[PDB]
Structures are given as C-alpha cells and as structure tokens.
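Okay, here we've got a single chain as structure tokens, the form deposited in one PDB entry, with questions on binding and movement later.
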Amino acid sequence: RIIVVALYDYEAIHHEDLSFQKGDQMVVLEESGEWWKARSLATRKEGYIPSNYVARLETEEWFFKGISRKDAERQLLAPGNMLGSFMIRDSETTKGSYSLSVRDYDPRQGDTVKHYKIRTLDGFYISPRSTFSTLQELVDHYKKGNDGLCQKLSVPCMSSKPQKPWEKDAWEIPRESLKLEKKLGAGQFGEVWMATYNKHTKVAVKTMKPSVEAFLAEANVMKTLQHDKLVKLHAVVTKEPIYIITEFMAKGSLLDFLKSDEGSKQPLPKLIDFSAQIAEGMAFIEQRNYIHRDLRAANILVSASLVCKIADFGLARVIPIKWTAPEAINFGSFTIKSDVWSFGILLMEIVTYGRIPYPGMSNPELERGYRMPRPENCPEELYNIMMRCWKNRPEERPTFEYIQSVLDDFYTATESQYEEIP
C-alpha cells in the first residue's frame, strides 16, 4: 500500500495516462521507471503517471531535491523571485545533510545568493544557539527575522514544472507519428527540423541522408548518456532515411543565439554561466570516458530559459580545424584534451559573442606559438583559462572537472562559498 501526492498539475495527453492536479493523492500499483501505473483517489481511475511529478520532504514548497549549490544559485536568481527568496536542498558536499540557499542583495556586488550549511543533530540548526526539531520550525523561525542570516526569509523559490517524460516503450517510433513542420537547418549529411510528435509533443528531428544497425547501436550508446547538460534523445525512426528525435530547444544553437539580438545583450557573468554549463556537460562526458570530437558553439543548444546543452556528440564518429587541436589535426589523434582545446576556442566564441575564431586568417596556417589575443571585455583570468586549454602538450591541459569547478565559482572565493554563523 503505497500512497503518493502530486507536486504539479498534469494533463493527460496519451491513451492510458492520467490527469491530476497539485495535491491529489494516488495509490501506486506498479513502479516502472519514468512511468508508474497508479490509481487516483479523486477520480478512482487506474492509469499511468510520470514518476517525477509525484512524491511520497519533497512535498514541501520550500524543499528542492537533488540540486547543487550552483543550481540553487541559478534558480534563485531567475526571474520571478525577489529579496529573501529561499530554498532548502540536499547538501552537495555533506551527503545526508541539508543546506539553505537564500537570495540577498548588496551594492557593488548586485543580486546574490548566500548558502548556509544545516547541521543535523546526533534536530537541525544553522546557529548552535538557535536549534529546531524540524526544518519547518527552522524556516518558520527565520521567516520572522534574519537572526544572523544575510536576509530575512520570505517566499520559497519559484518551482518549475519538470520535463514531461517520453511515452513508455516508444524508442522506435513509426514515421507517421511525426509531422516535420519547419526546417531549422540543412547540411551535407542531412537536415534539421522542428516537428510535432502525435499532435501533442513538440520535438526536433534530424533527418540523416543515406550502416543502419551500426548507427542504431551508436544511438543506443548515446541514449544511455543522459545528463541535464546533454540534449535528451527521445526516439528514433529506423527505416531510411533515419530520423533522430530529440527535445526541442527554443533558442537554437549557442552560435545563432550569441549572434542574435538577445544574445548581444547578455552580460559577461551570463556568458561565464553558459560556458560553465557546457563545462559541466563535457565533464559528464569526461567521467564516462567518451569524446565529443566536434565541440563548437554551433553544436551547443540553448533552451527557452537560457539553458545550454551539448548536442549530437558521437554522430561525428559515424562520419572545423579552428576548433581542432594540433595533436588531432597533424596526427588524427582525438582525445578529451583535444576537446579541452576545442572548449578553449568555444570560450573565445562565447566571449566574442559568436565571432569567427581567427578572423582574417585562412585555415592554413600555431607552430610559431601564436595564440588569440585577449578581447577587451574578456577577463585576464578567463583568458588564462583559455591559454591553459590551448597547450601544445595534451597531457598538460586541465580536466573538464577542474574547468567546470573554476567557471562555476568564478566570482566566488573558496572561503565565501558557505556563510559562517556563530
């Protein structure tokens, strides 16, 4: 007898899925991954529901599960929030513990987010003097007054409806299910379309010009590489020409967005954030021991809410020298370090708002030790990161883990990560 509650509103759009509202209790009948079979207690109907839409602490309006410090910082500084906006989350360095992230303001620094460790007793407390038995007592307390905090607690961080999962057992789909509506891009190997799946789910389809099974297997490799900074691979059409179905990114490629009007209005910390998300994705690729082979702003997608994701890596294997490292050009040796070089070039693209890497220079001719000069708006240390990425010896290039760690806390000293309260 398992009972869960709905965290968000969900309207059914399939044959056997259920419609429920925020707060509706339900009885779990079967747990089958992204989709569970359950029975509503309000409608008494048995059907399918998305797992990530229900919980059995998560039910609290001020708790956010599985999110990092940087993620909290991003979601709190997002539009729709104010001073005092806060959240309680799973600690990222203290496994099993919790942390509080609060939005603050201060001149000369702008809008910020402070983070406080929450210590579990052997109850909870931020300050040893003021202790609480439940987290709800903590939040209720600090909503009354700072009491040591950077700011008085106000309203929980604005919750965002999660991504609707792909329908069950729909990895291989019939072509008739798709209506390719608007061509977004074309190339030598195929084209890219904005399309609709079964009249309900907007997706992006990549049509591949005409081995079948081997490519299919490569796609089966890609499908298991799921990450928030990697484009979600939903479905595939098997009959030629092969269609690759992925999630739709509203603002398209990072290149086009940076060259766009809205992109030119994006400040430097936002660019740093973009490249930090890209670095995180490439770090996920790095930990899994894989290779992108073609890292550029053109191969990075941007969601509607300004989220940068890595797209279509590994497709290159089934087949850009300015983004390519010397060790990969002269000897065809492609490794993660060449991806680091490529990431340096990408960094340069992002700071220069999509500008061509070596302007005025043709592909031929680096041997004289020439590196791109630092742009006027580019920070010296960021340029230092670029230079570290552009090193002749591949083994002397930084890891994507380290690069991500540096870019994430680019404006924060290590000591200033979590505020200390006596």
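Heads up, when I say rigid core I mean the largest set of C-alphas that superpose within 1.5 Å between the two forms. One-based numbering along the sequence shown.
In the other compared entries of this protein that model both flanking residues, residue 262 has coordinates in every one, well short of a third left out. Per the records, residue 247 is modelled in every other compared entry, just as the shown structure includes it, so no third of them leave it out.
In this entry, residue 56 and residue 57 are separated by 1 to 3 residues of the deposited sequence that lack coordinates.
According to the PDB entry, the deposited sequence contains 1 to 3 residues between residue 122 and residue 123 that lack coordinates. When the two stretches 71 to 79 and 155 to 163 are set side by side, the higher mean Cα temperature factor goes to 155 to 163. Mean C-alpha B-factor is higher over 356 to 364 than over the other stretch, the pair under comparison being 381 to 389 and 356 to 364. Based on the entry's C-alpha B-factors, the most elevated value among 262, 106, 191, 339 belongs to 106. For the set 330, 99, 85, 196, the PDB entry assigns the largest Cα B-factor to 330. Among the modelled residues of its chain, residue 11 has a C-alpha B-factor that falls in the highest third according to the deposited record. For residue 50, the recorded CA temperature factor ranks within the lowest third of the chain's modelled residues. Looking at the C-alpha B-factors along this chain, the one for residue 28 belongs to the lowest third. Remark: residue 258 belongs to the middle third of its chain, ranked by C-alpha B-factor as recorded. The entry lists a Cα temperature factor for residue 3 that places it in the middle third of the chain's modelled residues.
Although not depicted, the form deposited in another entry is the subject of the following passage.
The only C-alpha among 377, 384, 43, 51 that moves by 2 Å or more between the shown form and the other one, given a superposition on the rigid core, is that of 43.
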